[PDB]
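Undergrad: Start counting the sequence shown at 23; every next residue gets the next number (the numbering used here).
Have a look at this one before I ask anything.
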Amino acid sequence: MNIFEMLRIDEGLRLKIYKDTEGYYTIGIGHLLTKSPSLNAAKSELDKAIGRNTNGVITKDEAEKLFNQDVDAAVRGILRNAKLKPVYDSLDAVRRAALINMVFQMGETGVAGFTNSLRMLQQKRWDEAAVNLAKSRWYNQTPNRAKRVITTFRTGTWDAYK
Ligand SMILES: [Cl-]
Ligand SMILES: [Cl-]
């Protein structure tokens, strides 16, 4: 298992514009297009992202290409973030995947807001961090995905995904 396969399980793949769990216009492998309510503002962003007139539909390749950029951006955002970097550096390879996952879903800013959990992860207090992470809108809104991520942090294995 690796970050790509992990995120592909959590986000799925859709080749036509869809709405995410929060109601936003998305496409491919969890690629957020816009927070705007307009399907037209969504199609525009999409065409801008792909470099062609897409009429709201893309190919598998196009999806995977967006996905590669997004994982890359996720990692680079963590490494450029003063709050995130130290956490990431302190973690083992599996747990690093767990943090990238959170970043991919919620953005650097949001994750960076989990101050207390971050401090617990850095200290390697797994059980305590898992408990703190669960007290969040995140866990309440997407409980199955949150539990999988949380279990990855607690355990340091890919069990939740196997
Ligand atoms: Cl983009
Ligand atoms: Cl969920």
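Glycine residues also receive a C-beta, built at the ideal position from the N, C-alpha and C atoms.
Roughly how many whole angstroms lie between the Cα atoms of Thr179 and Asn62?
TA: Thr179 and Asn62: Cα-Cα distance of roughly 42 Å.
Undergrad: Excluding the 5 residues flanking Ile51 on each side, which residues of the same chain have their C-beta closer than 8 Å to its C-beta?
TA: So the list reads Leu29, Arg30, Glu33, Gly34, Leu35, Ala85, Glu86, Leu88, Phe89, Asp92, once near-sequence residues are dropped.
Undergrad: From the DSSP output, read off the bridge partner residues of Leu35.
TA: Its beta-bridge partners do not exist; DSSP assigns none.
Undergrad: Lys65 and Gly78: beta carbons closer than 8 Å?
TA: Their beta carbons are under 8 Å apart, which means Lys65 touches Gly78 by this criterion.
Undergrad: Below 8 Å on the Cβ atoms is my guess for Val125 versus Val116; work out the distance and round it to an integer in Å.
TA: With a Cβ gap of about 15 Å, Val125 and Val116 do not count as contacting.
Undergrad: At what residues does the beta strand (DSSP E) containing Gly50 begin and finish?
TA: Run containing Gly50: 47-50, per the beta strand (DSSP E) assignment.
Undergrad: From the DSSP output, which residues share a beta bridge with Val79?
TA: Note: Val79 sits in a beta bridge opposite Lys38.
Undergrad: As an exercise, report each continuous beta strand (DSSP E) stretch of at least 3 residues that is fully enclosed by the segment 75-138, in chain order.
TA: Complete beta strand (DSSP E) runs here, min 3: none at all.
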